[PDB]
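Asks: Let me give you the structure first, and then I'll get to my questions.
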Amino acid sequence: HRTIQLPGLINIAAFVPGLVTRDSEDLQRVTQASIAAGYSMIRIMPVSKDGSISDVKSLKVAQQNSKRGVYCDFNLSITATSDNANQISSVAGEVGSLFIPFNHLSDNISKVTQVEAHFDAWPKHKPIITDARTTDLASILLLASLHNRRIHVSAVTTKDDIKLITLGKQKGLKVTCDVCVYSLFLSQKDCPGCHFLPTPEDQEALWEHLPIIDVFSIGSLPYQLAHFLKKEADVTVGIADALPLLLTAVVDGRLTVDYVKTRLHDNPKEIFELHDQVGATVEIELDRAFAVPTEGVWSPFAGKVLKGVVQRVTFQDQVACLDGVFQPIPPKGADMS
């Protein structure tokens with residue numbers, strides 16, 4: 001029975017449906033399922049179900065929802081819009097990153113100009129993250145190069161985009177990227193109607209560019225998939241699946257433990273300037289098989305057998321999980337901003 005000791009892991013994209021809902025338990029519960037899965041630090045995706053962290057008011061609602069106590073450490077983030085660059089800059093010290101989606105932006109004026117404003121107003125050493133594709137992606141990569149600062153591209157899915165990122169990297173452009181774990185194990189072959197999943201050719205291009213991929217994230221893809229298939233809006237979809245899917249690929253000889261570790265700890269920690277966590281540890285029975293629970297949270301792998309059981313997670317001097325089972329200890333997590 002193979003056992004490995006890992007530090008507390010990092011998910012740079014944790015989706016919280018009721019993030020900006022008043023008095024919502026969503027954020028807390030996401031931190032529960034996170035620590036139970038081995039993630040002692042998560043970045044909260046500023047875009048939620050029917051809202052987003054886009055202004056001062058929105059930030060505070062998200063902050064209040066953390067006051068009832070969290071079970072892992074976390075950072076908030078803020079979404080860019082057409083007229084946002086001003087207010088979100090006065091609040092940069094309370095969040096850990098700026099998220100720039102291109103669907104939030106106005107058609108009245110060059111989306112290049114709108115993004116340039118944030119690049120002018122946002123601190124140069126504070127991370128910026130985007131889900132831009134194709135020409136939007138090339139546009140924000142140009143700005144990062146022209147301001148000689150860093151840019152992180154999230155939920156990469158296509159051959160075209162990962163190859164453009166490869167080219168940027170070779171020319172010294174300060175770009176990093178992640179893929180959602182589900183993207184590596186689900187494609188349009190598995191769901192032709194799901195055009196947010198990669199094509200089989202896209203997915204193969206992702207496996208062939210693993211050196212280019214700096215980070216693994218969970219993302220909103222698990223939630224987007226479940227919603228499109230009309231399952232329960234369960235707030236923890238995809239959290240307990242991600243690492244076992246990766247460790248199953250390790251056992252199958254497609255990945256190495258160190259690659260997984262760097263993509264879920266070392267690299268996300270440096271790119272997003274995250275602090276050290278003393279006392280956060282994860283013990284994993286790498287070879288132990290288990291059936292993806294056909295009960296609790298919906299999973300596209302329900303009833304399938306994966307490898308990789310989270311034997312023990314420590315956090316803040318307490319045992320936060322045993323055999324993947326959340327331990328009802330006092331919440332000791334904190335906002336790291």
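FYI, nothing fancy with the structure tokens labels: chains A, B, ... in order, residues from 1 per chain, ligands from 1 as they appear.
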Quick one: everything within 9 Å of stretch 237-245 of chain A, counting only C-alpha atoms, minus sequence neighbours fewer than 4 positions away in the same chain. Send it as a PyMOL selection string.
Replies: chain A and resi 14+30+33-34+36-38+180-182+185+217-223+226+233+249-250+260+286+292+297-301+306-310+324
Asks: List every residue of stretch 9-225 of chain A that DSSP, applied to the backbone of this structure, places in helix (DSSP H, G or I), and write the result as a ChimeraX atom specification.
Replies: /A:26-37,56-64,85-89,92-94,111-121,134-146,159-170,181-185,200-207,221-225
Asks: Could you tell me how far atom CA of residue A:66 sits from atom CA of residue A:32, in Å to one decimal place?
Replies: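 Those two atoms sit 12.3 Å apart.
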Asks: I need the strand (DSSP E) residues of stretch 156-302 of chain A per DSSP on the backbone, written as a PDB file with N, CA, C and O atoms, in the first residue's frame.
Replies:
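New file out-v4.pdb:
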ATOM      1  N   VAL A 175       3.736  34.681 -18.732  1.00  0.00           N
ATOM      2  CA  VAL A 175       2.413  34.067 -18.737  1.00  0.00           C
ATOM      3  C   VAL A 175       2.485  32.702 -18.068  1.00  0.00           C
ATOM      4  O   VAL A 175       3.448  31.950 -18.256  1.00  0.00           O
ATOM      5  N   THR A 176       1.463  32.397 -17.271  1.00  0.00           N
ATOM      6  CA  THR A 176       1.238  31.066 -16.729  1.00  0.00           C
ATOM      7  C   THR A 176      -0.209  30.685 -17.008  1.00  0.00           C
ATOM      8  O   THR A 176      -1.019  31.521 -17.413  1.00  0.00           O
ATOM      9  N   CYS A 177      -0.544  29.413 -16.802  1.00  0.00           N
ATOM     10  CA  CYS A 177      -1.900  28.976 -17.099  1.00  0.00           C
ATOM     11  C   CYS A 177      -2.267  27.758 -16.268  1.00  0.00           C
ATOM     12  O   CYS A 177      -1.405  27.072 -15.715  1.00  0.00           O
ATOM     13  N   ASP A 178      -3.570  27.491 -16.208  1.00  0.00           N
ATOM     14  CA  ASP A 178      -4.082  26.274 -15.603  1.00  0.00           C
ATOM     15  C   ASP A 178      -5.122  25.640 -16.514  1.00  0.00           C
ATOM     16  O   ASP A 178      -5.638  26.267 -17.442  1.00  0.00           O
ATOM     17  N   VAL A 179      -5.397  24.367 -16.247  1.00  0.00           N
ATOM     18  CA  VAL A 179      -6.537  23.668 -16.820  1.00  0.00           C
ATOM     19  C   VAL A 179      -7.352  23.109 -15.667  1.00  0.00           C
ATOM     20  O   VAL A 179      -6.812  22.739 -14.620  1.00  0.00           O
ATOM     21  N   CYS A 180      -8.663  23.058 -15.859  1.00  0.00           N
ATOM     22  CA  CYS A 180      -9.522  22.374 -14.907  1.00  0.00           C
ATOM     23  C   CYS A 180      -9.305  20.873 -15.018  1.00  0.00           C
ATOM     24  O   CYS A 180      -9.165  20.332 -16.118  1.00  0.00           O
ATOM     25  N   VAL A 215      -0.503  24.954 -13.519  1.00  0.00           N
ATOM     26  CA  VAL A 215      -1.402  24.757 -12.390  1.00  0.00           C
ATOM     27  C   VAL A 215      -2.598  23.912 -12.808  1.00  0.00           C
ATOM     28  O   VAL A 215      -3.092  24.008 -13.934  1.00  0.00           O
ATOM     29  N   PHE A 216      -3.067  23.083 -11.878  1.00  0.00           N
ATOM     30  CA  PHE A 216      -4.373  22.450 -11.981  1.00  0.00           C
ATOM     31  C   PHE A 216      -5.352  23.199 -11.088  1.00  0.00           C
ATOM     32  O   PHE A 216      -5.016  23.574  -9.962  1.00  0.00           O
ATOM     33  N   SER A 217      -6.561  23.413 -11.594  1.00  0.00           N
ATOM     34  CA  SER A 217      -7.630  23.997 -10.802  1.00  0.00           C
ATOM     35  C   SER A 217      -8.848  23.094 -10.880  1.00  0.00           C
ATOM     36  O   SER A 217      -8.940  22.208 -11.730  1.00  0.00           O
ATOM     37  N   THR A 281      -1.037  19.498   6.380  1.00  0.00           N
ATOM     38  CA  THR A 281      -0.464  18.312   5.760  1.00  0.00           C
ATOM     39  C   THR A 281      -1.576  17.420   5.228  1.00  0.00           C
ATOM     40  O   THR A 281      -2.709  17.446   5.718  1.00  0.00           O
ATOM     41  N   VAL A 282      -1.233  16.629   4.212  1.00  0.00           N
ATOM     42  CA  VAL A 282      -2.148  15.683   3.585  1.00  0.00           C
ATOM     43  C   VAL A 282      -1.440  14.342   3.452  1.00  0.00           C
ATOM     44  O   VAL A 282      -0.367  14.260   2.842  1.00  0.00           O
ATOM     45  N   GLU A 283      -2.049  13.294   3.998  1.00  0.00           N
ATOM     46  CA  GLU A 283      -1.556  11.930   3.857  1.00  0.00           C
ATOM     47  C   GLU A 283      -2.513  11.159   2.961  1.00  0.00           C
ATOM     48  O   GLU A 283      -3.721  11.128   3.221  1.00  0.00           O
ATOM     49  N   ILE A 284      -1.967  10.532   1.920  1.00  0.00           N
ATOM     50  CA  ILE A 284      -2.759   9.923   0.858  1.00  0.00           C
ATOM     51  C   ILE A 284      -2.341   8.470   0.692  1.00  0.00           C
ATOM     52  O   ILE A 284      -1.150   8.170   0.552  1.00  0.00           O
ATOM     53  N   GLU A 285      -3.323   7.574   0.706  1.00  0.00           N
ATOM     54  CA  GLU A 285      -3.123   6.178   0.326  1.00  0.00           C
ATOM     55  C   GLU A 285      -3.298   6.121  -1.187  1.00  0.00           C
ATOM     56  O   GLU A 285      -4.409   6.014  -1.708  1.00  0.00           O
ATOM     57  N   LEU A 286      -2.173   6.216  -1.898  1.00  0.00           N
ATOM     58  CA  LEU A 286      -2.199   6.400  -3.346  1.00  0.00           C
ATOM     59  C   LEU A 286      -2.813   5.207  -4.068  1.00  0.00           C
ATOM     60  O   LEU A 286      -3.417   5.372  -5.134  1.00  0.00           O
ATOM     61  N   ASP A 287      -2.679   4.005  -3.507  1.00  0.00           N
ATOM     62  CA  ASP A 287      -3.110   2.780  -4.165  1.00  0.00           C
ATOM     63  C   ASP A 287      -4.478   2.292  -3.715  1.00  0.00           C
ATOM     64  O   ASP A 287      -4.991   1.330  -4.292  1.00  0.00           O
ATOM     65  N   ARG A 288      -5.073   2.910  -2.702  1.00  0.00           N
ATOM     66  CA  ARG A 288      -6.351   2.431  -2.200  1.00  0.00           C
ATOM     67  C   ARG A 288      -7.458   2.781  -3.186  1.00  0.00           C
ATOM     68  O   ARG A 288      -7.622   3.946  -3.564  1.00  0.00           O
ATOM     69  N   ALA A 289      -8.210   1.768  -3.609  1.00  0.00           N
ATOM     70  CA  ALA A 289      -9.348   1.977  -4.488  1.00  0.00           C
ATOM     71  C   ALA A 289     -10.583   2.366  -3.685  1.00  0.00           C
ATOM     72  O   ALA A 289     -10.715   2.035  -2.502  1.00  0.00           O
ATOM     73  N   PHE A 290     -11.490   3.078  -4.346  1.00  0.00           N
ATOM     74  CA  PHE A 290     -12.758   3.460  -3.745  1.00  0.00           C
ATOM     75  C   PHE A 290     -13.733   3.790  -4.862  1.00  0.00           C
ATOM     76  O   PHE A 290     -13.338   4.281  -5.923  1.00  0.00           O
ATOM     77  N   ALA A 291     -15.007   3.515  -4.614  1.00  0.00           N
ATOM     78  CA  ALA A 291     -16.058   3.826  -5.568  1.00  0.00           C
ATOM     79  C   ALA A 291     -16.509   5.265  -5.369  1.00  0.00           C
ATOM     80  O   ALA A 291     -16.856   5.664  -4.252  1.00  0.00           O
TER      81      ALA A 291
END
Asks: Hey, what's within 12 Å of residue A:169 if we count only C-alpha atoms and toss same-chain stuff fewer than 2 positions away? As JSON, numbers by chain, please?
Replies: {"A": [141, 145, 150, 151, 152, 162, 163, 164, 165, 166, 167, 171, 172, 173, 174, 175, 176, 177, 211, 212, 213, 214]}
Asks: Now that the selection is made, can you save its residues with N, CA, C and O atoms as a tab-separated table (two decimals), in the first residue's frame?
Replies:
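Dumped everything to result.tsv:
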chain	number	residue	atom	x	y	z
A	141	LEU	N	-2.64	39.12	-23.59
A	141	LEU	CA	-1.23	38.75	-23.57
A	141	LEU	C	-0.35	39.87	-24.11
A	141	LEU	O	0.78	40.06	-23.65
A	145	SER	N	2.60	41.89	-21.93
A	145	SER	CA	3.93	42.10	-22.47
A	145	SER	C	4.29	43.58	-22.51
A	145	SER	O	5.43	43.96	-22.21
A	150	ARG	N	2.94	40.15	-15.10
A	150	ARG	CA	2.51	38.76	-15.18
A	150	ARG	C	1.04	38.66	-15.57
A	150	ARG	O	0.24	39.55	-15.26
A	151	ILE	N	0.69	37.57	-16.24
A	151	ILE	CA	-0.70	37.25	-16.56
A	151	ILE	C	-0.89	35.75	-16.41
A	151	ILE	O	-0.03	34.96	-16.80
A	152	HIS	N	-2.03	35.35	-15.84
A	152	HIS	CA	-2.37	33.95	-15.66
A	152	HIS	C	-3.66	33.65	-16.41
A	152	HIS	O	-4.66	34.36	-16.25
A	162	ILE	N	-3.52	26.69	-25.99
A	162	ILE	CA	-2.33	26.21	-25.28
A	162	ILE	C	-1.09	26.40	-26.14
A	162	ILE	O	0.01	26.62	-25.62
A	163	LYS	N	-1.23	26.33	-27.46
A	163	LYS	CA	-0.09	26.55	-28.34
A	163	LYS	C	0.31	28.02	-28.39
A	163	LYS	O	1.50	28.34	-28.50
A	164	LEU	N	-0.67	28.93	-28.32
A	164	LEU	CA	-0.33	30.35	-28.23
A	164	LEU	C	0.39	30.65	-26.92
A	164	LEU	O	1.34	31.44	-26.90
A	165	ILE	N	-0.05	30.03	-25.83
A	165	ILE	CA	0.62	30.22	-24.55
A	165	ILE	C	2.04	29.66	-24.62
A	165	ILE	O	2.99	30.28	-24.11
A	166	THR	N	2.22	28.50	-25.25
A	166	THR	CA	3.55	27.95	-25.46
A	166	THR	C	4.45	28.95	-26.16
A	166	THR	O	5.60	29.18	-25.76
A	167	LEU	N	3.94	29.57	-27.23
A	167	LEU	CA	4.74	30.54	-27.97
A	167	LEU	C	5.09	31.74	-27.11
A	167	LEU	O	6.23	32.21	-27.12
A	171	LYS	N	9.15	33.11	-25.80
A	171	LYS	CA	9.67	34.45	-26.05
A	171	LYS	C	9.78	35.27	-24.77
A	171	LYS	O	9.93	36.49	-24.85
A	172	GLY	N	9.70	34.63	-23.60
A	172	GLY	CA	9.90	35.30	-22.34
A	172	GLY	C	8.71	36.05	-21.79
A	172	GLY	O	8.83	36.70	-20.74
A	173	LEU	N	7.56	35.98	-22.45
A	173	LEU	CA	6.35	36.62	-21.93
A	173	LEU	C	5.97	36.00	-20.58
A	173	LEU	O	5.96	34.77	-20.43
A	174	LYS	N	5.66	36.84	-19.60
A	174	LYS	CA	5.40	36.37	-18.24
A	174	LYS	C	3.96	35.85	-18.13
A	174	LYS	O	3.08	36.46	-17.53
A	175	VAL	N	3.74	34.68	-18.73
A	175	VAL	CA	2.41	34.07	-18.74
A	175	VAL	C	2.49	32.70	-18.07
A	175	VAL	O	3.45	31.95	-18.26
A	176	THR	N	1.46	32.40	-17.27
A	176	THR	CA	1.24	31.07	-16.73
A	176	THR	C	-0.21	30.68	-17.01
A	176	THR	O	-1.02	31.52	-17.41
A	177	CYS	N	-0.54	29.41	-16.80
A	177	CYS	CA	-1.90	28.98	-17.10
A	177	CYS	C	-2.27	27.76	-16.27
A	177	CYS	O	-1.41	27.07	-15.71
A	211	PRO	N	4.07	20.16	-19.64
A	211	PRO	CA	5.13	21.09	-19.19
A	211	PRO	C	4.70	22.54	-19.26
A	211	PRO	O	5.17	23.36	-18.46
A	212	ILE	N	3.82	22.89	-20.20
A	212	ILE	CA	3.37	24.26	-20.36
A	212	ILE	C	2.32	24.62	-19.33
A	212	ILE	O	2.17	25.80	-18.97
A	213	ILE	N	1.57	23.64	-18.83
A	213	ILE	CA	0.52	23.90	-17.86
A	213	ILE	C	1.16	23.99	-16.48
A	213	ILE	O	1.77	23.04	-16.00
A	214	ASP	N	1.02	25.16	-15.85
A	214	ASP	CA	1.66	25.42	-14.57
A	214	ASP	C	0.83	24.95	-13.39
A	214	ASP	O	1.39	24.55	-12.36
Asks: Out of A:225, A:138, A:325, A:10, which residue has the shortest atom-to-atom distance to residue A:188 when counting only C-alpha atoms?
Replies: A:225
Asks: Of the residues A:55, A:273, A:83, A:252, which is the one nearest to residue A:111, using only C-alpha atoms?
Replies: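 The shortest atom-to-atom distance to residue A:111 comes from A:83.
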Asks: With distances taken over only C-alpha atoms, which residue among A:132, A:329, A:334, A:280 lies nearest residue A:313?
Replies: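 Nearest to residue A:313: A:280.
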Asks: Excluding residue A:71 and any residue of its chain fewer than 2 positions from it, enumerate the residues within 8 Å of it, using only C-alpha atoms, and give them as a list in words.
Replies: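 My list of contacting residues is residues 28, 31, 32, 35, 69, 73, 330, 331, 332 and 333 of chain A.
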Asks: For the selection you just gave me, I'd like the residues written to a file as a compact mmCIF listing (two decimals), in the first residue's frame, keeping C-alpha atoms.
Replies:
# COMPACT_ATOMS: atom_id res chain seq x y z
CA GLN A 28 -18.40 27.85 4.44
CA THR A 31 -14.26 25.28 2.60
CA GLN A 32 -15.51 22.11 4.33
CA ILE A 35 -10.23 20.75 3.51
CA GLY A 69 -16.22 30.56 10.17
CA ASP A 73 -7.73 29.49 4.41
CA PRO A 330 -13.77 24.40 15.24
CA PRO A 331 -13.30 26.51 12.09
CA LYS A 332 -9.81 28.03 12.17
CA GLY A 333 -9.51 29.22 8.56
